[PDB]
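The next block holds one structure in the form of structure tokens; read it before the comments.
There are 2 protein chains.
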Amino acid sequence: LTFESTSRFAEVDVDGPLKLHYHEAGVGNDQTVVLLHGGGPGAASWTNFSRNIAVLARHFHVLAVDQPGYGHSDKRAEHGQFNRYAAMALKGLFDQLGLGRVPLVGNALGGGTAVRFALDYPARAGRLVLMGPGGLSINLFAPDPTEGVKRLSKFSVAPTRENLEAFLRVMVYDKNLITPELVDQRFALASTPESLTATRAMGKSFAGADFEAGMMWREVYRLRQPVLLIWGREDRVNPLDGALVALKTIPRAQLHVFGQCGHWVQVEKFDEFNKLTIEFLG
Amino acid sequence: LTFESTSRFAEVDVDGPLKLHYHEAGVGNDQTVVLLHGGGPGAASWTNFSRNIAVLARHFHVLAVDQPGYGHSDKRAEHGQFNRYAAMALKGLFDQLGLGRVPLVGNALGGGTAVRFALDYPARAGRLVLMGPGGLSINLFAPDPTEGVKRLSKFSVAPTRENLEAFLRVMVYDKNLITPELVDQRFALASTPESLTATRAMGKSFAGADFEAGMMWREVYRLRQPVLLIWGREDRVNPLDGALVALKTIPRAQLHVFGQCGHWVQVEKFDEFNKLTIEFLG
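Line order of the protein sequences matches chains V and Z.
Residue 397 in the numbering used here sits at position 201 of the first sequence, and the numbers go up by one each step.
Residue 308 in the numbering used here sits at position 112 of the second sequence, and the numbers go up by one each step.
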């Protein structure tokens, strides 16, 4: 399975044509699962989920979607609350590929989109696996913006290799994962004209006029499906205290916390994460 | 100051005439403060706040109101979400006595009413002091119903002296405060026909069709005034973990927790509570 063998494009309607790029694998497996990646500026499906897509594809029909503003999907300069916007695009995709009720796996920003989708189109979303998810989290103890959020804002204001390395280093517990090669690769994607355009748009929309759409902790008590929250104990972007309202209010919630693991659960604990996901989704 | 020297009655409109009983003190002091008592079946203003009304009256114009369904206020057999109902009655009272923006002090059920009033009639409510408040609390760790809530439900189903003593004993840290005399006095009030009528109505309405009005933790982020949350560390009705969403989301929130103190903060820590209240309200 390669980036190229799996690449797919689709055009959907969200206030007009919108191009979405995704990776498809495991065709011929009966149950479809959608993967929604994290929100780093140079993040994409294929980088986010490399230690995962090939494994989940042994069991599932995997659709790993590049969210609007990331990877090879359209990067608009303007949009409403991001999660609601990305949700609208996913709905368009679901309709065009002929999907009914599908389970969603989403980390960080992608988790917020999974949830917003599950709330906005209740019938279209099955079981959810959410890793250090945004949106449904509210940091009861950590002052906001957290260190991770602050370091993303700083890179947006001053897009240097130095500031990007600093951001990447608070994504993981084992800082040795932040190699010169990873820094350079992410930087080349994150500092392009398109990416700078996108990033801006995103942070700002969390405070437009539809800001309530982002405060999903006020709504998750409406969710009727099983939801597996997964957290790294040392998550410095969306810290563990953010899990509490959602664990309490989602009727069929479960929580798994891994010690010695940061914000990139799917990377630092890829084996454990893959197994936990395969079981949860059947 | 006596129960009799302070007694007052007012008729207000809430889907029709509704009688409210209250105690007035400190007339001639410039700043008015409203006190809203707790929700035990035989609870009332004058019993709830005896170690407090006379003290606060040295500084303030005190209006301690018996909430609908308690004390000598009307006890209707039917009403919507309780806090929203009691809020409507307070609004009627405010309008008739010519009050503008007044600070509110409320414990337990009365705290939920203060908050619901502050949200429903944003201009009418000044600073809030809330002791082990219901409504704005959500117990992130304690399974619901808590022990205190369970023991109230049991008395409602089986109104015996034995079951009432058991309920009273989880209201305080120092169980020695639960004397034979206090048990008997509360029982004589709690087991009357009117009180049984009222209690029923209350628990049930938390689950009518307007149940969302009771989930105030989803709304307190709209509150613009200073709010002093006060908790007993050993509160077994609305436990300390219930304070967290409100402390985080209310911009001008403060929290004070007293060790060695249960659900009746105004009783077990009456000196500390009175001083903290006088300072906070000026």
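Every residue, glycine too, gets a C-beta built ideally from N, C-alpha and C.
To the nearest angstrom, how far is it from the Cα of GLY212 (chain Z) to the Cα of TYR218 (chain Z)? Between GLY212 (chain Z) and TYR218 (chain Z), the C-alpha separation is close to 19 Å.
What residues in its chain sit with their C-beta under 7 Å from that of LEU295 (chain Z), if we drop five residues either side in the sequence? Sequence-distant partners of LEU295 (chain Z) (beyond 5 residues in either direction) whose C-beta falls short of 7 Å from its own C-beta, in its chain, are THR228.
Comparing the C-beta of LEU440 (chain Z) with each C-beta of chain V, is any distance below 7 Å? So yes, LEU440 (chain Z) belongs to the interface.
With a threshold of 8 Å on Cβ separation, who are the neighbours of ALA338 (chain Z) within its own chain once the five nearest residues in sequence on each side are excluded? A distance below 8 Å between beta-carbons, with the five flanking residues on each side excluded, links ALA338 (chain Z) to the following residues of its chain, in chain order: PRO435, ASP437, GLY438.
Just the C-alpha distance for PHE407 (chain Z) and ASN225 (chain V), rounded to the nearest angstrom, thanks. Computed Cα separation, rounded: 43 Å.
Pick out the complete beta strand (DSSP E) segments inside the region 230-291 of chain V, 3 residues or longer, and give them in chain order. The beta strand (DSSP E) runs lying completely inside the region 230-291 of chain V and spanning 3 residues or more are 257-261, given in chain order.
Residue of V:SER201, V:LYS471, V:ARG432, V:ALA321 minimising C-alpha distance to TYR369 (chain V): When only C-alpha atoms are compared, the closest one is V:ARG432.
What whole-angstrom Cβ distance do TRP427 (chain Z) and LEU451 (chain Z) have, given they're in contact under 8 Å? Contact flag correct, Cβ pair sits at about 7 Å.
What does DSSP give as the partner residue(s) for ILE426 (chain V) in the beta ladder? Answer is V:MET327, V:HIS452, bridged to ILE426 (chain V).
Residues of the region 398-414 of chain V whose Cβ lies closer than 9 Å to any Cβ of chain Z, in chain order: Near chain Z, meaning a CB-to-CB distance below 9 Å, the residues of the region 398-414 of chain V are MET411, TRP413, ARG414.
In the DSSP output, which residue or residues are listed as bridge partners for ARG204 (chain Z)? Checking the DSSP bridge columns, you'll see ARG204 (chain Z) partnered with Z:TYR218.
Any beta carbon of chain V sitting closer than 7 Å to that of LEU336 (chain Z)? Answer yes: the Cβ-Cβ gap between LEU336 (chain Z) and chain V drops below 7 Å somewhere.
By DSSP, does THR388 (chain Z) sit in helix, in strand, or in coil? In the structure shown, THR388 (chain Z) sits in coil (DSSP, three-state: anything other than H, G, I, E or B).
Given 8 Å, three or more beta-carbon pairs between the region 349-364 of chain V and the region 453-464 of chain V: Remark: fewer than three beta-carbon pairs, one from each stretch, lie closer than 8 Å, so the region 349-364 of chain V and the region 453-464 of chain V are not flagged as touching.
If contacts are defined as beta-carbon pairs under 8 Å, then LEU300 (chain V) and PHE313 (chain V) qualify, I think. What distance do you get, rounded to the angstrom? Confirmed, Cβ separation roughly 7 Å.
Would you mind giving the Cβ-Cβ distance between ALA304 (chain Z) and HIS459 (chain Z), rounded to the nearest angstrom? I have them listed as a contact below 8 Å. Yes, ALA304 (chain Z) and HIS459 (chain Z) are in contact; Cβ-Cβ is about 7 Å, under 8 Å.
What do you reckon, are the CB atoms on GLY331 (chain Z) and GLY410 (chain Z) nearer than 7 Å? With respect to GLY410 (chain Z), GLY331 (chain Z) sits close: the two C-beta atoms are nearer than 7 Å.
Top-ranked residue by Cα proximity to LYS444 (chain V), from Z:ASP340, Z:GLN462, Z:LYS400, Z:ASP316: Looking at the Cα atoms, Z:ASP340 is the closest of the given residues.
Spatial neighbours of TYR317 (chain V) within its chain, please: C-beta separation below 6 Å, excluding the five flanking residues on both sides. Within the same chain, Cβ atoms closer than 6 Å to the Cβ of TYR317 (chain V) are found at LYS287, the five residues on either side in sequence being excluded.
7 Å is my cut-off, CB to CB: does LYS287 (chain V) come that close to chain Z? No, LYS287 (chain V) does not count as interfacial toward chain Z.
7 Å is my cut-off, CB to CB: does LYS371 (chain Z) come that close to chain V? Not one chain V Cβ lies under 7 Å of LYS371 (chain Z).
Threshold first: 3 residues or longer. Then list the beta strand (DSSP E) segments lying entirely within the region 326-411 of chain V, N to C. DSSP runs (the beta strand (DSSP E)) wholly in the region 326-411 of chain V: none.
Straight-line CA distance for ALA319 (chain V) to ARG297 (chain V)? Between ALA319 (chain V) and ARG297 (chain V), the C-alpha separation is close to 6 Å.
How would you label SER201 (chain Z), buried or exposed, when you count the other beta carbons within 10 angstroms and need 16 or more for buried? It counts as exposed.
Would you mind telling me which residues of chain V sit closer than 7 Å to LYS444 (chain Z), beta carbon to beta carbon, in chain order? The answer, in chain order, is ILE334, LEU336.
For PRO447 (chain V) and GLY302 (chain V), I'd like the C-alpha separation in whole angstroms. Each residue's Cα considered, the two are about 19 Å apart.
So, does the region 379-395 of chain Z touch the region 265-275 of chain Z, judging by three or more C-beta pairs under 8 Å? Here the region 379-395 of chain Z lies against the region 265-275 of chain Z, with 3 or more beta-carbon pairs under 8 Å apart.
Proximity below 7 Å, CB of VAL258 (chain Z) to CB of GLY222 (chain Z): Yes. Within cutoff.
Bridge partner(s) assigned by DSSP for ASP211 (chain Z): Paired residues: none, contrary to the question.
Cβ contact check for the region 238-254 of chain V and the region 460-467 of chain V: 3 or more pairs under 8 Å: A contact exists between the region 238-254 of chain V and the region 460-467 of chain V.
In three-state terms, what does DSSP make of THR228 (chain Z)? Of the three classes helix, strand and coil, the one that applies to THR228 (chain Z) here is strand, per DSSP.
Candidates V:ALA384, V:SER333, V:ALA321, V:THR198: closest to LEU419 (chain V) by CA position: Of the candidates V:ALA384, V:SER333, V:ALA321, V:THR198, the one whose C-alpha sits nearest the C-alpha of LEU419 (chain V) is V:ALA321.
May I have the straight-line CA-CA distance separating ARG347 (chain V) from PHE469 (chain V), to the nearest angstrom? C-alpha separation (whole angstroms): 26 Å.
With respect to the beta strand (DSSP E) encompassing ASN434 (chain V), which residues constitute its N-terminal and C-terminal limits? Run containing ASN434 (chain V): none; DSSP gives neither H nor E here.
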